[PDB]
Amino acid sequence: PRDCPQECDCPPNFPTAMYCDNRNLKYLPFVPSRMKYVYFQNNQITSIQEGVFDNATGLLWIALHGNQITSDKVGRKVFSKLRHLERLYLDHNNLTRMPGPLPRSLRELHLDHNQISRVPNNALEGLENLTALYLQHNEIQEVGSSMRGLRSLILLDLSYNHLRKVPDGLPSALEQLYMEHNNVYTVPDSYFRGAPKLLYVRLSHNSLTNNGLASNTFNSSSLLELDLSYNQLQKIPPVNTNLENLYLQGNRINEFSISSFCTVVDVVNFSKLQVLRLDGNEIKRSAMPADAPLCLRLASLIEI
């Protein structure tokens, strides 16, 4: 049992892999039953025909990035019988909608550099082993509640999109969240309290104003780095003493309030901030009081 499409290469030393990448292919051949790894990247494929993977029920990897696939030419239920699929690469195509339904066994999903306009609420239903989701460089306007059920998700990249609203609910294991270069103008009260293990957040180049925030929005005990540069902030939003890096350059901040870092300062209460950028705002260095180091006791680099 070693049949192989003529346009592809199947190594004898590794009979469960099939290489069809970078060959000017125009369509997908039907995959042999034994295959676990298939590589179709960097061709001129335009469609994923119905039933293409139905013989290979043991597929783990599918690489389809770097083609010209459109959403109307993704076959019906084409991924449905692949109940062990772990990794799927669909970045750099011509997709306008989320493909699906997707197998509940997925661990990584790449969908960046397409033209996806929206993530419906049920688009990622049941993917409880998904650890990384790449969606940057699309035209997404909203994702709704699609992220709530992803119990294993560590990384979510939504940067360089058209987001008007932050995701309505975050999963509990999330550590990295990137949403820079979007159109966010509001963030709700206690938004990050639902993500106990969140470490890195980027929200630069959006349309944030203090009136669109709550007092405690960015006060979270888990955060290490927070990037909010080039918004339209007039005041330093309050933060937790655990925060280590804060970027606020290119805003409209017109006062230095020490109470944004520490509500009370004593021998054991103080900010652990190491890096702080406040340059490109409406304050001079003299706006920072002489006794500021009592609060910012660890600040090694402060730019104003």
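Sequential numbering from 1, following the sequence displayed.
The stretch 263 to 271 shows the higher mean C-alpha B-factor when 263 to 271 is compared against 245 to 253 in the entry. Between 156 to 164 and 185 to 193, the higher mean Cα B-factor belongs to 185 to 193. The entry lists a Cα temperature factor for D72 that places it in the highest third of the chain's modelled residues.
Ranked by C-alpha B-factor against the other modelled residues of its chain, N240 falls in the middle third. Per the deposited record, the Cα B-factor of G51 falls in the lowest third when ranked against the other modelled residues of its chain. Compared with the other modelled residues of the chain, the Cα B-factor recorded for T57 ranks in the highest third. In the deposited entry, the Cα temperature factor of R148 sits in the top third of values across the chain's modelled residues.
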